[PDB]
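Engineer: Before we start, here is the structure in question, set down as structure tokens.
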Ligand SMILES: [Zn+2]
Ligand SMILES: [Zn+2]
């Protein structure tokens with residue numbers, strides 16, 4: 001379960 | 014060439030892969046997405062029923078893949 005957010009700004013992560 | 018990406022993936026103007034969630038047909042907004050452990054497709058969390066990130070150690074299969082698996086009663 002590969003979870004990732006394509007974010008250049010994320011809160012917490 | 015027609016070979017681009019006949020799947021739920023597009024490229025942006027810079028050339029990054031933007032995954033499209035086959036769940037809603039919406040692209041990634043920079044959102045937490047989950048990849049299946051079989052098809053490696055990328056769905057959004059609220060689109061498959063994920064709310065918190067599971068580890069890569071734990072496997073997960075989407076409604077596509079987990080269905081063929083079935084998860085039969087026999088174990
Ligand atoms: Zn979605
Ligand atoms: Zn799958």
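Protein chains in written order, with this note's numbering: chain A, 1 to 13; chain B, 14 to 88. By construction, the Cβ of each residue, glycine as well, lies at the ideal position given by its N, Cα and C atoms.
To the nearest angstrom, how far is the alpha carbon of residue 88(B) from that of residue 48(B)?
Structural biologist: Taking the first residue of the second chain as 1, we reach residue 88(B) at position 75. Taking the first residue of the second chain as 1, we reach residue 48(B) at position 35. Cα to Cα, the separation comes out at about 25 Å.
Engineer: Counting pairs of Cβ atoms below 8 Å between the stretch 21–29 of chain B and the stretch 58–65 of chain B, do you hit three or more?
Structural biologist: With the cut-off at 8 Å, the stretch 21–29 of chain B and the stretch 58–65 of chain B do not touch.
Engineer: Please go through the stretch 30–76 of chain B and give each complete beta strand (DSSP E) segment of 3 or more residues, from N-terminal end onward.
Structural biologist: Taking only runs of at least 3 residues, the beta strand (DSSP E) segments lying wholly in the stretch 30–76 of chain B are 30–32, 45–48 and 55–57.
Engineer: Our contact map puts residue 68(B) next to residue 1(A) with C-beta atoms below 8 Å; I'd like the distance itself, whole angstroms only.
Structural biologist: Position 55 of the second chain, counted from the first residue, corresponds to residue 68(B). Position 1 of the first chain, counted from the first residue, corresponds to residue 1(A). Yes, residue 68(B) and residue 1(A) are in contact; Cβ-Cβ is about 7 Å, under 8 Å.
Engineer: Based on Cα-Cα distance, which residue from 34(B), 80(B), 81(B) and 16(B) lies nearest to residue 58(B)?
Structural biologist: Translated into positions along the second chain, residue 58(B) becomes position 45. Residue 34(B) is the option with its Cα nearest to residue 58(B).
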